[PDB]
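File shown: work07.cif (mmCIF, N, CA and C atoms).
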data_upload
loop_
_atom_site.group_PDB
_atom_site.id
_atom_site.type_symbol
_atom_site.label_atom_id
_atom_site.label_comp_id
_atom_site.auth_asym_id
_atom_site.auth_seq_id
_atom_site.Cartn_x
_atom_site.Cartn_y
_atom_site.Cartn_z
ATOM 1 N N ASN B 199 0.794 -1.223 0.000
ATOM 2 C CA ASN B 199 0.000 0.000 0.000
ATOM 3 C C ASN B 199 0.824 1.269 0.000
ATOM 4 N N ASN B 200 2.127 1.125 0.217
ATOM 5 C CA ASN B 200 3.020 2.271 0.217
ATOM 6 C C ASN B 200 3.739 2.464 -1.128
ATOM 7 N N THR B 201 3.840 1.420 -1.942
ATOM 8 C CA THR B 201 4.544 1.574 -3.217
ATOM 9 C C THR B 201 3.646 1.616 -4.454
ATOM 10 N N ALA B 202 2.486 0.973 -4.369
ATOM 11 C CA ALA B 202 1.580 0.873 -5.512
ATOM 12 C C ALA B 202 0.822 2.115 -5.951
ATOM 13 N N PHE B 203 0.686 3.093 -5.060
ATOM 14 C CA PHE B 203 -0.109 4.270 -5.385
ATOM 15 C C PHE B 203 0.621 5.591 -5.230
ATOM 16 N N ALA B 204 0.650 6.361 -6.313
ATOM 17 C CA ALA B 204 1.331 7.641 -6.322
ATOM 18 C C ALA B 204 0.366 8.821 -6.391
ATOM 19 N N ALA B 205 0.592 9.792 -5.520
ATOM 20 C CA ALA B 205 -0.238 10.992 -5.494
ATOM 21 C C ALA B 205 0.123 11.851 -6.709
ATOM 22 N N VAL B 206 -0.795 12.715 -7.127
ATOM 23 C CA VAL B 206 -0.523 13.596 -8.250
ATOM 24 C C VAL B 206 0.742 14.365 -7.875
ATOM 25 N N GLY B 207 1.668 14.504 -8.822
ATOM 26 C CA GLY B 207 2.887 15.236 -8.531
ATOM 27 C C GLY B 207 3.999 14.405 -7.919
ATOM 28 N N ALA B 208 3.690 13.179 -7.509
ATOM 29 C CA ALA B 208 4.707 12.312 -6.929
ATOM 30 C C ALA B 208 5.345 11.476 -8.044
ATOM 31 N N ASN B 209 6.519 10.906 -7.780
ATOM 32 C CA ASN B 209 7.223 10.084 -8.780
ATOM 33 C C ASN B 209 6.440 8.782 -8.986
ATOM 34 N N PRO B 210 6.007 8.495 -10.225
ATOM 35 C CA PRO B 210 5.244 7.264 -10.486
ATOM 36 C C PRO B 210 6.092 6.050 -10.883
ATOM 37 N N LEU B 211 7.413 6.202 -10.884
ATOM 38 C CA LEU B 211 8.310 5.109 -11.296
ATOM 39 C C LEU B 211 7.993 3.711 -10.775
ATOM 40 N N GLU B 212 7.847 3.579 -9.456
ATOM 41 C CA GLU B 212 7.594 2.281 -8.834
ATOM 42 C C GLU B 212 6.130 1.972 -8.567
ATOM 43 N N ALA B 213 5.244 2.893 -8.923
ATOM 44 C CA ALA B 213 3.822 2.710 -8.664
ATOM 45 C C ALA B 213 3.049 2.009 -9.772
ATOM 46 N N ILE B 214 1.851 1.552 -9.422
ATOM 47 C CA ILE B 214 0.956 0.879 -10.358
ATOM 48 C C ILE B 214 -0.114 1.884 -10.831
ATOM 49 N N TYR B 215 -0.640 2.676 -9.895
ATOM 50 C CA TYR B 215 -1.638 3.694 -10.217
ATOM 51 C C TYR B 215 -1.243 5.043 -9.633
ATOM 52 N N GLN B 216 -1.641 6.107 -10.315
ATOM 53 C CA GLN B 216 -1.352 7.462 -9.855
ATOM 54 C C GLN B 216 -2.597 8.306 -10.079
ATOM 55 N N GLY B 217 -2.849 9.247 -9.176
ATOM 56 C CA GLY B 217 -4.021 10.085 -9.349
ATOM 57 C C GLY B 217 -4.483 10.710 -8.052
ATOM 58 N N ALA B 218 -5.480 11.580 -8.157
ATOM 59 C CA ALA B 218 -6.023 12.311 -7.016
ATOM 60 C C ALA B 218 -6.570 11.446 -5.883
ATOM 61 N N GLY B 219 -7.002 10.231 -6.198
ATOM 62 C CA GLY B 219 -7.535 9.361 -5.164
ATOM 63 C C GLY B 219 -6.534 8.360 -4.602
ATOM 64 N N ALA B 220 -5.266 8.514 -4.969
ATOM 65 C CA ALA B 220 -4.219 7.583 -4.549
ATOM 66 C C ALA B 220 -4.088 7.323 -3.043
ATOM 67 N N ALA B 221 -4.129 8.384 -2.241
ATOM 68 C CA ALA B 221 -3.992 8.251 -0.790
ATOM 69 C C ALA B 221 -4.994 7.256 -0.183
ATOM 70 N N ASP B 222 -6.149 7.099 -0.828
ATOM 71 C CA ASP B 222 -7.171 6.188 -0.332
ATOM 72 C C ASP B 222 -7.311 4.886 -1.105
ATOM 73 N N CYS B 223 -6.286 4.530 -1.874
ATOM 74 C CA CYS B 223 -6.316 3.267 -2.599
ATOM 75 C C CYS B 223 -5.639 2.231 -1.722
ATOM 76 N N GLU B 224 -6.022 0.970 -1.881
ATOM 77 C CA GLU B 224 -5.419 -0.096 -1.104
ATOM 78 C C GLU B 224 -5.620 -1.422 -1.788
ATOM 79 N N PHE B 225 -4.780 -2.386 -1.441
ATOM 80 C CA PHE B 225 -4.929 -3.720 -1.991
ATOM 81 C C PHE B 225 -5.981 -4.473 -1.189
ATOM 82 N N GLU B 226 -6.901 -5.135 -1.883
ATOM 83 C CA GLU B 226 -7.899 -5.946 -1.208
ATOM 84 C C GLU B 226 -7.114 -7.220 -0.889
ATOM 85 N N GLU B 227 -6.299 -7.649 -1.855
ATOM 86 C CA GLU B 227 -5.437 -8.816 -1.696
ATOM 87 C C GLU B 227 -4.591 -9.063 -2.935
ATOM 88 N N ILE B 228 -3.555 -9.873 -2.755
ATOM 89 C CA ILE B 228 -2.635 -10.239 -3.828
ATOM 90 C C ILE B 228 -2.435 -11.740 -3.737
ATOM 91 N N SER B 229 -2.296 -12.383 -4.889
ATOM 92 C CA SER B 229 -2.068 -13.819 -4.937
ATOM 93 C C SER B 229 -0.980 -14.089 -5.970
ATOM 94 N N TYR B 230 -0.190 -15.125 -5.734
ATOM 95 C CA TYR B 230 0.863 -15.470 -6.669
ATOM 96 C C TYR B 230 0.914 -16.973 -6.778
ATOM 97 N N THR B 231 1.364 -17.437 -7.930
ATOM 98 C CA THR B 231 1.541 -18.853 -8.176
ATOM 99 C C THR B 231 2.851 -18.933 -8.936
ATOM 100 N N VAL B 232 3.751 -19.776 -8.461
ATOM 101 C CA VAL B 232 5.038 -19.934 -9.118
ATOM 102 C C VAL B 232 5.052 -21.277 -9.817
ATOM 103 N N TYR B 233 5.415 -21.276 -11.094
ATOM 104 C CA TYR B 233 5.531 -22.515 -11.860
ATOM 105 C C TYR B 233 7.006 -22.699 -12.164
ATOM 106 N N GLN B 234 7.529 -23.896 -11.923
ATOM 107 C CA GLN B 234 8.938 -24.159 -12.180
ATOM 108 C C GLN B 234 9.100 -24.940 -13.481
ATOM 109 N N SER B 235 9.995 -24.473 -14.341
ATOM 110 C CA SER B 235 10.258 -25.135 -15.615
ATOM 111 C C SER B 235 11.607 -25.827 -15.527
ATOM 112 N N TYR B 236 11.619 -27.131 -15.791
ATOM 113 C CA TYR B 236 12.864 -27.875 -15.715
ATOM 114 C C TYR B 236 12.894 -29.034 -16.697
ATOM 115 N N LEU B 237 14.058 -29.668 -16.792
ATOM 116 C CA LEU B 237 14.236 -30.800 -17.640
ATOM 117 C C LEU B 237 14.404 -32.018 -16.771
ATOM 118 N N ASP B 238 13.620 -33.056 -17.033
ATOM 119 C CA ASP B 238 13.670 -34.296 -16.299
ATOM 120 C C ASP B 238 14.187 -35.482 -17.164
ATOM 121 N N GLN B 239 14.519 -36.555 -16.427
ATOM 122 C CA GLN B 239 15.120 -37.861 -16.768
ATOM 123 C C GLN B 239 16.639 -37.642 -16.928
ATOM 124 N N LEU B 240 17.199 -37.120 -15.776
ATOM 125 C CA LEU B 240 18.639 -36.733 -15.606
ATOM 126 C C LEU B 240 19.477 -37.957 -16.003
ATOM 127 N N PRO B 241 20.360 -37.804 -16.998
ATOM 128 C CA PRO B 241 21.096 -38.949 -17.598
ATOM 129 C C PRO B 241 22.077 -39.656 -16.751
ATOM 130 N N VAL B 242 22.222 -40.931 -16.771
ATOM 131 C CA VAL B 242 23.354 -41.405 -16.001
ATOM 132 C C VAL B 242 24.235 -42.183 -16.953
ATOM 133 N N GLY B 243 25.549 -42.117 -16.764
ATOM 134 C CA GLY B 243 26.531 -42.847 -17.616
ATOM 135 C C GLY B 243 27.535 -43.641 -16.747
ATOM 136 N N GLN B 244 28.705 -44.028 -17.293
ATOM 137 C CA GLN B 244 29.715 -44.796 -16.515
ATOM 138 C C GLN B 244 30.459 -43.895 -15.542
ATOM 139 N N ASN B 245 30.138 -42.618 -15.609
ATOM 140 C CA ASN B 245 30.789 -41.605 -14.782
ATOM 141 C C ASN B 245 29.800 -41.163 -13.729
ATOM 142 N N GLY B 246 28.578 -41.459 -14.091
ATOM 143 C CA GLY B 246 27.459 -41.081 -13.321
ATOM 144 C C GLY B 246 26.686 -40.076 -14.183
ATOM 145 N N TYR B 247 26.147 -39.079 -13.529
ATOM 146 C CA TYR B 247 25.330 -38.074 -14.212
ATOM 147 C C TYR B 247 26.047 -37.437 -15.396
ATOM 148 N N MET Y 1 58.397 -92.703 -36.644
ATOM 149 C CA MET Y 1 57.746 -91.403 -36.749
ATOM 150 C C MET Y 1 58.463 -90.418 -37.642
ATOM 151 N N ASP Y 2 59.737 -90.650 -37.805
ATOM 152 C CA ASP Y 2 60.647 -89.768 -38.553
ATOM 153 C C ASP Y 2 60.674 -88.305 -38.072
ATOM 154 N N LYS Y 3 61.074 -88.131 -36.898
ATOM 155 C CA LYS Y 3 61.144 -86.804 -36.285
ATOM 156 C C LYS Y 3 62.557 -86.288 -36.314
ATOM 157 N N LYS Y 4 62.778 -85.075 -37.076
ATOM 158 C CA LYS Y 4 63.961 -84.730 -36.943
ATOM 159 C C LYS Y 4 64.398 -84.331 -35.547
ATOM 160 N N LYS Y 5 65.547 -84.074 -35.437
ATOM 161 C CA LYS Y 5 66.179 -83.590 -34.273
ATOM 162 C C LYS Y 5 66.191 -82.077 -34.216
ATOM 163 N N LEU Y 6 65.563 -81.223 -34.845
ATOM 164 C CA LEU Y 6 65.693 -79.811 -34.907
ATOM 165 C C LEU Y 6 64.564 -79.042 -34.476
ATOM 166 N N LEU Y 7 64.180 -78.111 -35.348
ATOM 167 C CA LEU Y 7 63.148 -77.132 -35.105
ATOM 168 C C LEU Y 7 61.893 -77.624 -34.370
ATOM 169 N N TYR Y 8 61.381 -78.776 -34.785
ATOM 170 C CA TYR Y 8 60.141 -79.391 -34.290
ATOM 171 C C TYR Y 8 60.171 -79.736 -32.817
ATOM 172 N N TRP Y 9 61.178 -80.238 -32.302
ATOM 173 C CA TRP Y 9 61.177 -80.297 -30.819
ATOM 174 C C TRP Y 9 60.917 -78.836 -30.186
ATOM 175 N N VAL Y 10 61.487 -77.702 -30.732
ATOM 176 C CA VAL Y 10 61.203 -76.289 -30.444
ATOM 177 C C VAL Y 10 59.704 -76.040 -30.675
ATOM 178 N N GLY Y 11 59.229 -76.674 -31.736
ATOM 179 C CA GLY Y 11 57.832 -76.553 -32.171
ATOM 180 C C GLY Y 11 56.880 -77.206 -31.184
ATOM 181 N N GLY Y 12 57.313 -78.325 -30.627
ATOM 182 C CA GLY Y 12 56.461 -78.975 -29.633
ATOM 183 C C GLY Y 12 56.325 -78.056 -28.406
ATOM 184 N N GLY Y 13 57.437 -77.435 -27.993
ATOM 185 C CA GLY Y 13 57.383 -76.516 -26.843
ATOM 186 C C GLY Y 13 56.432 -75.355 -27.181
ATOM 187 N N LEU Y 14 56.592 -74.850 -28.402
ATOM 188 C CA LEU Y 14 55.790 -73.718 -28.894
ATOM 189 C C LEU Y 14 54.303 -74.031 -28.888
ATOM 190 N N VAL Y 15 53.965 -75.231 -29.308
ATOM 191 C CA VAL Y 15 52.581 -75.713 -29.326
ATOM 192 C C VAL Y 15 52.064 -75.748 -27.860
ATOM 193 N N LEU Y 16 52.878 -76.335 -26.981
ATOM 194 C CA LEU Y 16 52.430 -76.496 -25.595
ATOM 195 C C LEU Y 16 52.213 -75.108 -25.027
ATOM 196 N N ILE Y 17 53.191 -74.245 -25.304
ATOM 197 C CA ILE Y 17 53.182 -72.879 -24.782
ATOM 198 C C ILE Y 17 51.949 -72.113 -25.284
ATOM 199 N N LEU Y 18 51.642 -72.286 -26.561
ATOM 200 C CA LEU Y 18 50.493 -71.623 -27.179
ATOM 201 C C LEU Y 18 49.179 -72.076 -26.574
ATOM 202 N N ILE Y 19 49.077 -73.387 -26.338
ATOM 203 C CA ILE Y 19 47.863 -73.956 -25.761
ATOM 204 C C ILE Y 19 47.682 -73.514 -24.320
ATOM 205 N N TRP Y 20 48.766 -73.507 -23.542
ATOM 206 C CA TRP Y 20 48.677 -73.048 -22.159
ATOM 207 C C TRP Y 20 48.209 -71.578 -22.136
ATOM 208 N N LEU Y 21 48.771 -70.783 -23.029
ATOM 209 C CA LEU Y 21 48.386 -69.360 -23.105
ATOM 210 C C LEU Y 21 46.898 -69.221 -23.430
ATOM 211 N N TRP Y 22 46.458 -70.007 -24.406
ATOM 212 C CA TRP Y 22 45.041 -69.937 -24.782
ATOM 213 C C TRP Y 22 44.156 -70.288 -23.605
ATOM 214 N N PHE Y 23 44.454 -71.400 -22.908
ATOM 215 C CA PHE Y 23 43.644 -71.784 -21.768
ATOM 216 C C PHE Y 23 43.638 -70.684 -20.712
ATOM 217 N N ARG Y 24 44.806 -70.159 -20.401
ATOM 218 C CA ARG Y 24 44.851 -69.100 -19.331
ATOM 219 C C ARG Y 24 43.981 -67.939 -19.745
ATOM 220 N N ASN Y 25 44.109 -67.539 -21.030
ATOM 221 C CA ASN Y 25 43.359 -66.384 -21.586
ATOM 222 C C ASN Y 25 41.854 -66.602 -21.365
ATOM 223 N N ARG Y 26 41.439 -67.813 -21.748
ATOM 224 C CA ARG Y 26 40.048 -68.307 -21.666
ATOM 225 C C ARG Y 26 39.598 -68.269 -20.214
ATOM 226 N N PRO Y 27 40.446 -68.692 -19.271
ATOM 227 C CA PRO Y 27 40.080 -68.756 -17.869
ATOM 228 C C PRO Y 27 40.613 -67.537 -17.159
ATOM 229 N N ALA Y 28 41.470 -66.668 -17.991
ATOM 230 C CA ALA Y 28 42.110 -65.669 -17.254
ATOM 231 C C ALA Y 28 41.346 -64.462 -17.035
ATOM 232 N N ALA Y 29 40.152 -64.341 -17.351
ATOM 233 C CA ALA Y 29 39.359 -63.148 -17.163
ATOM 234 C C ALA Y 29 38.732 -63.263 -15.848
ATOM 235 N N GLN Y 30 38.831 -62.221 -15.155
ATOM 236 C CA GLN Y 30 38.356 -62.259 -13.827
ATOM 237 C C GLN Y 30 36.894 -62.427 -13.791
ATOM 238 N N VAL Y 31 36.435 -63.277 -12.913
ATOM 239 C CA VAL Y 31 35.060 -63.487 -12.826
ATOM 240 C C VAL Y 31 34.495 -62.291 -12.514
ATOM 241 N N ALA Y 32 34.211 -61.273 -12.899
ATOM 242 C CA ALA Y 32 33.768 -60.089 -12.714
ATOM 243 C C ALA Y 32 32.979 -59.224 -13.402
ATOM 244 N N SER Y 33 32.741 -58.097 -13.480
ATOM 245 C CA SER Y 33 31.956 -57.061 -13.914
ATOM 246 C C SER Y 33 32.130 -56.546 -15.282
ATOM 247 N N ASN Y 34 32.840 -57.030 -16.089
ATOM 248 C CA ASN Y 34 33.132 -56.553 -17.395
ATOM 249 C C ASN Y 34 31.943 -56.284 -18.314
ATOM 250 N N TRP Y 35 30.756 -56.772 -18.002
ATOM 251 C CA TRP Y 35 29.542 -56.522 -18.803
ATOM 252 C C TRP Y 35 29.120 -55.041 -18.753
ATOM 253 N N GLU Y 36 29.631 -54.306 -17.781
ATOM 254 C CA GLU Y 36 29.344 -52.842 -17.723
ATOM 255 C C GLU Y 36 28.283 -52.444 -17.160
ATOM 256 N N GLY Y 37 27.373 -51.379 -17.328
ATOM 257 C CA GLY Y 37 26.373 -50.708 -16.627
ATOM 258 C C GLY Y 37 26.751 -50.475 -15.182
ATOM 259 N N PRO Y 38 27.926 -49.951 -14.947
ATOM 260 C CA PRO Y 38 28.388 -49.720 -13.595
ATOM 261 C C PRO Y 38 27.927 -48.440 -12.975
ATOM 262 N N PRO Y 39 26.781 -47.970 -13.233
ATOM 263 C CA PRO Y 39 26.079 -46.824 -12.696
ATOM 264 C C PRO Y 39 24.990 -47.446 -11.791
ATOM 265 N N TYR Y 40 25.248 -47.443 -10.508
ATOM 266 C CA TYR Y 40 24.452 -48.106 -9.564
ATOM 267 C C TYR Y 40 23.008 -47.662 -9.537
ATOM 268 N N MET Y 41 22.655 -46.531 -10.085
ATOM 269 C CA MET Y 41 21.260 -46.059 -10.106
ATOM 270 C C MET Y 41 20.475 -46.356 -11.347
ATOM 271 N N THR Y 42 20.665 -47.374 -12.035
ATOM 272 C CA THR Y 42 20.249 -47.678 -13.380
ATOM 273 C C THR Y 42 19.056 -48.595 -13.514
ATOM 274 N N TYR Y 43 17.937 -48.451 -12.550
ATOM 275 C CA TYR Y 43 16.786 -49.280 -12.670
ATOM 276 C C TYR Y 43 15.912 -49.035 -13.911
ATOM 277 N N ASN Y 44 15.934 -47.798 -14.374
ATOM 278 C CA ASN Y 44 15.148 -47.535 -15.601
ATOM 279 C C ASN Y 44 15.909 -48.027 -16.834
ATOM 280 N N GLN Y 45 17.038 -47.466 -17.114
ATOM 281 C CA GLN Y 45 17.966 -47.853 -18.177
ATOM 282 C C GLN Y 45 17.567 -48.296 -19.451
ATOM 283 N N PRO Y 46 17.495 -47.167 -20.543
ATOM 284 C CA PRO Y 46 17.143 -47.350 -21.960
ATOM 285 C C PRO Y 46 18.013 -46.443 -22.799
ATOM 286 N N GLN Y 47 19.029 -47.050 -23.268
ATOM 287 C CA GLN Y 47 20.056 -46.339 -23.926
ATOM 288 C C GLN Y 47 19.736 -46.062 -25.326
ATOM 289 N N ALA Y 48 18.788 -46.674 -25.979
ATOM 290 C CA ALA Y 48 18.604 -46.400 -27.433
ATOM 291 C C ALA Y 48 17.355 -45.838 -27.769
ATOM 292 N N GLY Y 49 16.557 -46.689 -28.689
ATOM 293 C CA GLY Y 49 15.283 -46.252 -28.893
ATOM 294 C C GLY Y 49 14.155 -46.988 -28.530
ATOM 295 N N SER Y 50 13.123 -46.461 -28.055
ATOM 296 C CA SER Y 50 11.888 -46.952 -27.859
ATOM 297 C C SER Y 50 11.372 -48.144 -28.515
ATOM 298 N N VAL Y 51 10.551 -48.872 -27.905
ATOM 299 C CA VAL Y 51 10.153 -50.159 -28.265
ATOM 300 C C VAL Y 51 11.340 -51.109 -28.231
ATOM 301 N N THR Y 52 11.465 -51.899 -27.122
ATOM 302 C CA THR Y 52 12.523 -52.880 -26.862
ATOM 303 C C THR Y 52 11.905 -54.151 -26.293
ATOM 304 N N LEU Y 53 12.719 -55.167 -26.116
ATOM 305 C CA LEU Y 53 12.181 -56.448 -25.605
ATOM 306 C C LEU Y 53 13.249 -57.159 -24.834
ATOM 307 N N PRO Y 54 12.778 -58.107 -23.989
ATOM 308 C CA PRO Y 54 13.729 -58.886 -23.192
ATOM 309 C C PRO Y 54 13.635 -60.319 -23.527
ATOM 310 N N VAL Y 55 12.641 -60.908 -23.993
ATOM 311 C CA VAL Y 55 12.838 -62.355 -24.508
ATOM 312 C C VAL Y 55 12.067 -62.460 -25.770
ATOM 313 N N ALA Y 56 12.422 -63.440 -26.617
ATOM 314 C CA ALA Y 56 11.628 -63.471 -27.904
ATOM 315 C C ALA Y 56 10.176 -63.775 -27.571
#

Is it possible to express this structure as structure tokens?
Amino acid sequence: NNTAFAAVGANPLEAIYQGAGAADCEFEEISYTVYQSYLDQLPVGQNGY
Amino acid sequence: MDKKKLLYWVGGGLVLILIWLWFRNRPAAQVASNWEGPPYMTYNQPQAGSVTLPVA
């Protein structure tokens, strides 16, 4: 709630929204999901992997 | 028998020597692991291509 909203005249670089109503904006909530991308069936040889 | 006295007595030793060498060679391989797959984690193990078989 301190970085996402910029007041008129303030630096908007790190913000998501800027405007006259900024001081009263807030996050209801945030959700994230992380997906991992990888390669499987790690090879083994006479040396091992 | 008509065996000379020369080379062939050398030849008999050579024959014996050759046969002993062959037998040792035949028996001289250590009863051991030479078949390979020495990667202890190899329960899956498919080195080529898909669709394979284990007995006819």

Could you pull out every residue with an atom within 9 Å of (-6.0, 7.2, -9.6), file coordinates, counting only C-alpha atoms, and send them as a compact mmCIF listing (two decimals) with N, CA and C atoms, keeping the file's coordinate frame?
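Dumped everything to part.txt:
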# COMPACT_ATOMS: atom_id res chain seq x y z
N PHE B 203 0.69 3.09 -5.06
CA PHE B 203 -0.11 4.27 -5.38
C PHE B 203 0.62 5.59 -5.23
N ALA B 204 0.65 6.36 -6.31
CA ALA B 204 1.33 7.64 -6.32
C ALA B 204 0.37 8.82 -6.39
N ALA B 205 0.59 9.79 -5.52
CA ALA B 205 -0.24 10.99 -5.49
C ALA B 205 0.12 11.85 -6.71
N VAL B 206 -0.80 12.72 -7.13
CA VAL B 206 -0.52 13.60 -8.25
C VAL B 206 0.74 14.36 -7.88
N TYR B 215 -0.64 2.68 -9.90
CA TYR B 215 -1.64 3.69 -10.22
C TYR B 215 -1.24 5.04 -9.63
N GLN B 216 -1.64 6.11 -10.32
CA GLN B 216 -1.35 7.46 -9.86
C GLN B 216 -2.60 8.31 -10.08
N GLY B 217 -2.85 9.25 -9.18
CA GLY B 217 -4.02 10.09 -9.35
C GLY B 217 -4.48 10.71 -8.05
N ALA B 218 -5.48 11.58 -8.16
CA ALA B 218 -6.02 12.31 -7.02
C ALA B 218 -6.57 11.45 -5.88
N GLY B 219 -7.00 10.23 -6.20
CA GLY B 219 -7.54 9.36 -5.16
C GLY B 219 -6.53 8.36 -4.60
N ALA B 220 -5.27 8.51 -4.97
CA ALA B 220 -4.22 7.58 -4.55
C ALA B 220 -4.09 7.32 -3.04
N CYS B 223 -6.29 4.53 -1.87
CA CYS B 223 -6.32 3.27 -2.60
C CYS B 223 -5.64 2.23 -1.72

> Applied to this file, what does the PyMOL selection byres ((chain Y) within 8 of (chain B)) return in terms of residues, put as JSON, numbers by chain?
Replying inline: {"Y": [36, 37, 38, 39, 40, 41, 42]}

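Relative to CA of residue 32 (chain Y), CA of residue 45 (chain Y) is found at 20.7 Å.
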
> How many Å lie between atom N of residue 231 (chain B) and atom N of residue 211 (chain B), rounded to one decimal?
Replying inline: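 Distance reported for this atom pair: 24.6 Å.
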
> How would you write, as a PyMOL selection string, the set of residues in chain B that DSSP gives as strand (DSSP E)?
Replying inline: chain B and resi 203-204+215-216

> So how many Å separate atom N of residue 201 (chain B) and atom C of residue 213 (chain B), to one decimal?
Replying inline: 7.9 Å
